[PDB]
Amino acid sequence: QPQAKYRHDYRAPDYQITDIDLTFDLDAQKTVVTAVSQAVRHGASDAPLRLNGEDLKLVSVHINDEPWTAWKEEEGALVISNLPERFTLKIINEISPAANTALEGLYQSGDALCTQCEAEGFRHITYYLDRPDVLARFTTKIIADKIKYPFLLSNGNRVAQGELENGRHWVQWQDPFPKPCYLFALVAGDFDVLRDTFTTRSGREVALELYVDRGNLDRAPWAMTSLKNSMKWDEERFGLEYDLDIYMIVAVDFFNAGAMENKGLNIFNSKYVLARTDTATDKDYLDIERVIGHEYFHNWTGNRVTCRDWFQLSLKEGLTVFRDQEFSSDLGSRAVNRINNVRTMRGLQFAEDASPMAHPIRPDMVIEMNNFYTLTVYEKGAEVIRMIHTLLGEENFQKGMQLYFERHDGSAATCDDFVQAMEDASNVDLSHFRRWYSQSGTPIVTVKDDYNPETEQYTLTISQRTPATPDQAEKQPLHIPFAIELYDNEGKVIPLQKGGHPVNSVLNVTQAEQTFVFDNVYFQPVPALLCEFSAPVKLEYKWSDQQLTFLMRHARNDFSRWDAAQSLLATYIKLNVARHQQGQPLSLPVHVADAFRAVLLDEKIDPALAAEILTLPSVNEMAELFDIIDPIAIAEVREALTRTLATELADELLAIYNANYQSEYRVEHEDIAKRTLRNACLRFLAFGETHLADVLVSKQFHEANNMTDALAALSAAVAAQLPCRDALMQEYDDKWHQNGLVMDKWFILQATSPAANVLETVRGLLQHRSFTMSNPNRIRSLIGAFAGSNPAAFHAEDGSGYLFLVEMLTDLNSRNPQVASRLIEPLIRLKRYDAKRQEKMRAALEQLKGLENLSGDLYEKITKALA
């Protein structure tokens, strides 16, 4: 019975709230909330005010200080009748932070109290218009025990404070910017604080404050550094300054998301704040940078301009993800960023778009809005903004940004508003392009080519289609920007032209079928196609091995070198999965191995690139290549391929490994790159002769002067099941058990182990001293990693994986439905698998469907999967 909501139902609110004054009398067992709201009727004069509320204990309702009699509580609501046109609403209610295991609303993180209000969490704090087109100026007074909660934080600036009898105190905050309530935050606790300053380019000095648990101040400076780098980049790239006087970040251990952009008071999962060279990898450092940037970039793309309704989520998320990618790419290695974002798109997002949960980047139907914080809305959303940037170019893109803020600053906007701004500013017609917002699924672009030596013309015949998805039976052609480059046989770019005029290298692929003709092609070209993954599409073109190795040697853009290597491997991945299914061992032509040898020995390739080419597609990227997924064949082919290259390239691998040794550890992009190349080599070296490999891996673990190098060694010992594995794993447990973020990496290694008894080990780990089901990070690192990242064990033929997940979800459905819904995702992909697997996955899903008190979050997914 939880009911679907539809985008086409959107209507302007009958009432607005312009100003809200909140008081919290804080206590873990019983918090008393007083909320005084100034309301204004915009709808019909007989329309009742309908407030949203969940798990609230209503104490009183007054209208202009009169105790109100004309109201009723109903499921999820408080409905107030017979109101004047303008009035003051006062609600007093109670809530219980300590009972809040779902971590939405006001809840407890360790000894702290903190909030999470996006999407619809504020209704768990008081009765309100909990929709993001209602924008109110907040004032927030917090009263609490001074010893337990010496810091009392909310949005904006401190405007008042006092002390009270019996050891209590209070602080009052005011945020001058109107905001939807999903941006409300409150934090109370006892913290260490790192304080710093950023001066904006126009000279405004912003006080920066990072609040962390006592004892964690040694892990704070990188996050502070990254915040300042974020603020500077946004000024340089987008012309945007911070708009308040104080920027607070609180790191908390118990958090369902990564982080949250609450105005002036961001709340982060401490996974995305805390780093020191002995605890955090280069990947953690760069994720901290990325997510600090992301929440900062929301200050404009989300906060100053917000979302009219939740179906417009991608208006803030695709754009803010695009911004975080551009930040990471400008500061770091653009190629490595782009590569990794492409791997995520093709390996994880394409899977979602082929699943029962498929939706467009602007959904049409939602049951539980927390189910739509997706790869699609985020990552595909950003690919869509990046297509706009491709079509318009940077200068016009920025004009469209400027026009967007000039029109929409201080309001709640739509995806369509943003596109209109881009189109009006640039004079590029985006009417057809808008179909990317409304249509789900991955287009498949098929390319055929012809060279005519008599006319000296190269003709590309490009076709597109998007297969139907369970949500949409009709699909139509998109406006696909399809970037090409043509190479002569010495590797020089052939100028693109037709009838004597230059032709843009971004082709407009707008029809089901079209041709593009290029003149003055004097010699048969080798094409690079879909350069920089210029659209989020599958490409079907029948490359020859030699065209691909030529691109690996000659392509001008680093991405194209990587991508060519991926197309080279895809053919042999597919070959060998079919072999595996018939009991046949790996077959790989000599010339393929040699193309990777050449990358190893090319001194002119950026190590950052070499490293990515020498990182094989993950099991998730390998799965995208197939209609039916054989997860056992894929996992075993991936290892066999790794062993084959390890044997054929052993000498070269060892030389490059040794040459990329660095005695100093720095978090600097060139150092990171060499280290990534080094550790790429290591993955293969772990599969050499057992005694060479065991010694080398073990040595790296024991002599590392940083967590990047130690984890890469530990991870190799696991992957190759080397004799040192058990000892190294026990040493890490002994050294690091008291540190959850660091033990997350060990839990992931256990969960993703190729060992025959992995499931047994993972079950035993539910009792490990560093694990608990009350913490979403731990849950995700052990259970979520087993189910989502070890598809070979999760899909064991005996069905033991599915039973284990059902067991875990039966607990989490009641405890924390959002983490439950993340964890169910592997089960909903059942139609990608063989019949016998499907049958057991359906049976698991039918069991979950019958749970008492089945959460809406799971219900929505289970219903789609079982259809």
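All residue numbers refer to positions in the sequence shown, first residue = 1.
Between the stretches 737-745 and 485-493, it is 485-493 that shows the larger average CA temperature factor. In this entry, 473-481 has the higher mean Cα B-factor, the comparison being between 304-312 and 473-481. The entry assigns its greatest Cα B factor, within the set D284, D558, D243, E379, to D558. Residues shown: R725, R131, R435, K232. Highest C-alpha temperature factor in the entry: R725. Sort the modelled residues of the chain by CA B factor and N853 lands in the highest third. Annotation for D21: CA B-factor lies in the middle third of the chain's modelled residues. Among all modelled residues in its chain, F533 ranks in the middle third by Cα B-factor. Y657: CA B factor lies in the middle third for its chain, per the PDB record. For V718, the recorded CA B-factor ranks within the middle third of the chain. Only modelled residues enter the ranking.
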